[PDB]
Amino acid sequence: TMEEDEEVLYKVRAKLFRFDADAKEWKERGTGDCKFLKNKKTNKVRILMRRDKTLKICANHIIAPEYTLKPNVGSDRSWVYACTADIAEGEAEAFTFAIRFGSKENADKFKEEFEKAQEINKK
């Protein structure tokens, strides 16, 4: 699994989308638990999200300081951002992600933890 040298800073149930820029539509990537893992050797924090039942990785990237969470016009319980290097699906790729939660509270809680994780990755 590669998650025993790692602390879980934050867990929340969430659904993750990628923007298909040629079709102009959001497409689901996975539904499951989104985890903030902080490696105990490097103190680097990644997002790691697995689908329910298949446990397949649908998100695997460092929470980079540069990233910015931006709202999506249709939703108050979602964030959008551009990720430069995700490895959930083979070799690293760029993606525009959207992640949506069950609640406006969880979305805002994610946002604060997300930027707490950015502070950590700076240091």
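Each residue number is its position in the shown sequence, starting from 1.
- Across the two stretches, 47 to 55 and 86 to 94, the PDB entry reports the greater mean Cα temperature factor for 86 to 94.
- When the modelled residues of the chain are ordered by C-alpha B-factor, residue 66 sits in the highest third.
- Remark: residue 14 belongs to the lowest third of its chain, ranked by C-alpha B-factor as recorded.
- Sort the modelled residues of the chain by CA B factor and residue 100 lands in the lowest third.
- Sort the modelled residues of the chain by CA B factor and residue 27 lands in the lowest third.
- Among the modelled residues of the chain, residue 72 sits in the lowest third by CA temperature factor in this PDB entry.
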